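There is one chain below, alone, in structure tokens, taken in the form deposited in one PDB entry.
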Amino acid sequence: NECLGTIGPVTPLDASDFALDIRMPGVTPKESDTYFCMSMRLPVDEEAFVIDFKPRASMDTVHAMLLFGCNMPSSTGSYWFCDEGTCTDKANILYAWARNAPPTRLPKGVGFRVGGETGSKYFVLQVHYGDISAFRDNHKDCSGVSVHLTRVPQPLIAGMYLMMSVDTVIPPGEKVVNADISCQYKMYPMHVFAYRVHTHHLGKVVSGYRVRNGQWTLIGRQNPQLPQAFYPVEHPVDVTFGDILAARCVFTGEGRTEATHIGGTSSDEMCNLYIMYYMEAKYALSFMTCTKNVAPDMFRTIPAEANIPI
């Protein structure tokens, strides 16, 4: 079932363009909710641009998939469990496939720059397998993602503005805990075209806004318990020098004996909001982070919807 062997992962389209198949190397899981990770080096050492993703997911088994970019994977193995870790350095997300939430295409002219001196040398593919019902026959699985690379330089460059809580603590029982993140945007204009939220099972609602002279332009709002793909932004949102990116995850503490804090495990929590943007080639940077809350009181003027779960 859909597994190349003798043809390999690389597939020339044209001189410049080519397609690359990041697949699992015939793994079979033992247990449910298993996170498998494997890496692919880039075939070229020159800078390239990623411009498309086709999900190749066997529908009767794969919960979700993620693709990152980094310079140093965690394992040197053929595959590994992602609890060991994805990338030792900063792992940069590019694509998120979710079952039951069809992903959107990248806008035309937009590509993530990869490789070269500065960009990512590796891809790491994280596959989340749900149930084991279809593996009764013990068949090796080759699920993954074909990607479209090219050396033709693209007019617009994709990047990611990661907003995350670092020092949150949820007291057990506590009915409502907000996790507020805010930073002054400090670069050339970006335009936001997608977003993903990630929390674990206590996340009620994550929301993120651009605030320009006091008024709260919404970017994205989602219940993290819904499938965590990138979702499209209604009308693309520019974000200019001086603007403030605010975001608020909202957590409950109920159904918990001890206090929850930020971390990797299932017992711990996360408040990540990934805002995919594009910038003009000449002005572009590929990654931005915000772990602060530089404008804390400002969250009184927050919209209501941010605190209203659905």
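In this text, rigid core is short for the largest set of C-alphas that superpose within 1.5 Å between two forms. Numbers for residues come from their place in the sequence shown, where the first is 1.
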TODO: Report the stretch with the higher mean CA temperature factor, choosing between 268-276 and 40-48 on the basis of the entry.
DONE: 40-48
TODO: Give the stretch, out of 215-223 and 125-133, with the larger mean C-alpha temperature factor in the deposited entry.
DONE: 125-133
Open item on the list: Between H198, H148, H191, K140, which one tops the list for Cα B-factor in this entry?
Closed with: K140
Open item on the list: Splitting the chain's C-alpha B-factors into thirds, which one does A64 fall into?
Closed with: middle
Open item on the list: Based on the deposited C-alpha B factors for this chain, I'd like to know if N92 is in the lowest, middle or highest third.
Closed with: lowest
Open item on the list: How does the C-alpha B factor of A101 compare with the rest of the chain: lowest, middle or highest third?
Closed with: highest
Open item on the list: Using only modelled residues of the chain, where does the Cα B factor of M72 rank: lowest third, middle third or highest third?
Closed with: highest
TODO: Divide the modelled residues of the chain into thirds by Cα B-factor and specify which third, lowest, middle or highest, holds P153.
DONE: middle
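Quick note: we don't show the form deposited in another entry, though the next part is all about it.
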Open item on the list: Shifts of 2 Å or more at the CA atom, core superposed, between this form and the one not shown: which of the listed residues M72, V166, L226, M187 is the one?
Closed with: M72
Open item on the list: Once you overlay the rigid core, does the Cα of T86 travel 2 Å or further between this form and the one not shown?
Closed with: yes
Open item on the list: Quick check: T217 between this form and the one not shown - does its CA shift reach 2 Å or more after fitting the rigid core?
Closed with: no
Open item on the list: Rigid core aligned, does the Cα position of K121 differ by 2 Å or more between this form and the one not shown?
Closed with: yes
Open item on the list: Distance change of 3 Å or more between the C-alpha atoms of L226 and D33 in the other form: closer or farther compared with this structure?
Closed with: farther
TODO: With a shift of at least 3 angstroms, figure out whether the C-alpha spacing between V166 and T118 grows or shrinks in the other form: closer or farther?
DONE: farther
